[PDB]
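The form deposited in one PDB entry is given below as one chain in structure tokens.
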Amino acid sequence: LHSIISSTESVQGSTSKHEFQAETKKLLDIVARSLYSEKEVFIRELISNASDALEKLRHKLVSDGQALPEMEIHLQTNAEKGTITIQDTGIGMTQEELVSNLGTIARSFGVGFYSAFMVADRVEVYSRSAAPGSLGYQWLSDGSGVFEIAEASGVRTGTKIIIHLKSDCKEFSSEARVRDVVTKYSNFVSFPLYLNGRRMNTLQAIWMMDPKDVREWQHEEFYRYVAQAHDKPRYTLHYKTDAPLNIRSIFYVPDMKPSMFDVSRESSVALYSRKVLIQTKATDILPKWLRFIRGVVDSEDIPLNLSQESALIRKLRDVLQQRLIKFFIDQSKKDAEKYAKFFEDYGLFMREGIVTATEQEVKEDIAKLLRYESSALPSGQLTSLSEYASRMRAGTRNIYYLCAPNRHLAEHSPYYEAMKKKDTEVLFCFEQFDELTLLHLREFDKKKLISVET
């Protein structure tokens, strides 16, 4: 076993009593009076803060020329004392930060603070800043208007938080319960995590890496994990952006064709906020028509305690829809043959998306993915609507199409045969849902879609 948590700290003198500012007292009073059904979330908040403190220290030490100490997160349960403790060897807090900041700090407020009092009769904290010459401090509070601070000896650099659990929260002093909570929400924490001296099995959050650094074998492993799949991904989009929102995401299209299970999926993409799980499922992380996509979306703009269907989620969904459409357009130009197979396999999702979309601009965006045969191209070759539009002859302002079972029947339509005399291109559409798709699309790039047979 590898444990660092023990009672090394002592206080030589008396504590100083301070009162919380009224607004922090306000939020603490809300916590004491409220009914929370998801009390386990304090653990993921504490682990996230510990990770942030370790990253702050590591980046600072590497920026200087300094050796790196042991950088770890430890949890300890004590059923006899009814406690759960977290300790990390990160940057710690100064006395000023303990006195003034607690309750009002952002994560990108008070993460780990209000949620600790949700489960605690009282909280006992030791912290010592990593800055040279820093002294250790003890901070104590029962979550009422008062907290205490005192200089403490025997404090290790970093922070230790001891939660003396409430009567109805003793489940968090059981190792097995805590282990399951960690695995559920905190499995991708990026520093070593130990529970009661045992290293926890955690996973690598490859979505946080620079896209150019992730190799195909790593994507294949991660795809198989997140999709619970045995094939390989036919497409991979690793999308990282800082504007208008923070996004670190990986999207995969399966090699296999869609089955009845992918069409009826309840859970397509997992949602994280800086490596803290928010939902294994995805309400509408992506549009419904993109439910065939597997993978992960991480946005630190997502706050840690939620319930969704917010403006933030809607904005994220719209950004991701545009980026995925752009990706598929880019893939069609990189490898048209592979894209044609993707459209054959997954194109009913695009047609669905056009039919169900509310906004004309979204319909036309999705329609950029459609590929059809054309009277003007060799049998079997596909064209896009924009390529058709680029070939339109002066004086002809509509996009003409014909739905038929196959190319032979299309070419022998008496309507098409007559039109051929005047050079007008006609799209040939062989999928049974093409009629509805193009009826709903109605127009593309301000050009009306006209079926050459009524």
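We call the rigid core whatever largest set of C-alpha positions still superposes within 1.5 Å between the two forms. Numbers for residues come from their place in the sequence shown, where the first is 1.
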*Answer yes if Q308 is missing coordinates in at least a third of the other compared entries, and no if every one of them models it.*
yes
*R265 not built in a third or more of the other entries*: yes
_According to the entry, how many residues of the deposited sequence fall between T358 and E359 and are not modelled? Options: none, 1 to 3, 4 to 9, 10 or more._
none
*Check the residues of the deposited sequence separating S307 from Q308 and report how many of them have no coordinates, as none, 1 to 3, 4 to 9, or 10 or more.*
4 to 9
*Could you check the entry and say whether 350 to 358 or 254 to 262 has the higher mean CA B-factor?*
254 to 262
*Mind pulling up the entry and telling me whether 123 to 131 or 97 to 105 has the higher mean Cα temperature factor?*
97 to 105
*Of the options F428, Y36, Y388, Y400, which has the highest CA B factor as deposited?*
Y36
*asked:* Using only the C-alpha B-factors in the record, can you name which of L57, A418, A32, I43 has the highest?
replied: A32
*Lowest, middle or highest third: where is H238 by Cα B-factor in its chain?*
lowest
*Sort the modelled residues of this chain by their C-alpha B factor and say whether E23 lands in the lowest, middle or highest third.*
highest
*According to the PDB entry, is the CA B factor of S14 in the bottom, middle or top third of its chain, that is, lowest, middle or highest?*
highest
*If you rank the chain by CA B-factor, which third does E216 end up in: lowest, middle or highest?*
middle
_CA B-factor placement of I47, once the chain's modelled residues are sorted into thirds_ = lowest
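The protein also exists as the form deposited in another entry; that form is not presented, and the subsequent description refers to it.
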_C-alpha displacement of 2 Å or more between this form and the one not shown on the rigid core, among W289, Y114, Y346, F328_ = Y114
*For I313, is the C-alpha shift between this form and the one not shown 2 Å or more after core superposition?*
yes
